[PDB]
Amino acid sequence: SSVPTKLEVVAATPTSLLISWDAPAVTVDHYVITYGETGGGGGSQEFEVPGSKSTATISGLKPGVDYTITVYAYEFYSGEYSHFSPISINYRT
């Protein structure tokens, strides 16, 4: 019951990940892409992607680390920012 519906890593590189997802069938202002070492270690970092795009590329990662990417789809409906149920994946760089 999530938005985006599917989140995958398409391209990988020793220091970077390329991620694609599925255009929700409903209106979306922007996405926030969130990524950090799975296991709390080293604070999470994030960056923002226009609602029209369904592709991002994550940079400056450490090789051979378990990262946990999470994507929030924000709306801006009658006056308010609110995100749908987010989606996460784990990926070993």
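Numbering starts at 1 and follows the sequence shown.
- Per-stretch averaging of Cα B factors for 36-44 and 59-67 places 36-44 on top.
- Remark: residue 90 belongs to the middle third of its chain, ranked by C-alpha B-factor as recorded.
- In the PDB entry, a CA B factor belonging to the middle third of its chain's modelled residues is recorded for residue 15.
- Sort the modelled residues of the chain by CA B factor and residue 21 lands in the highest third.
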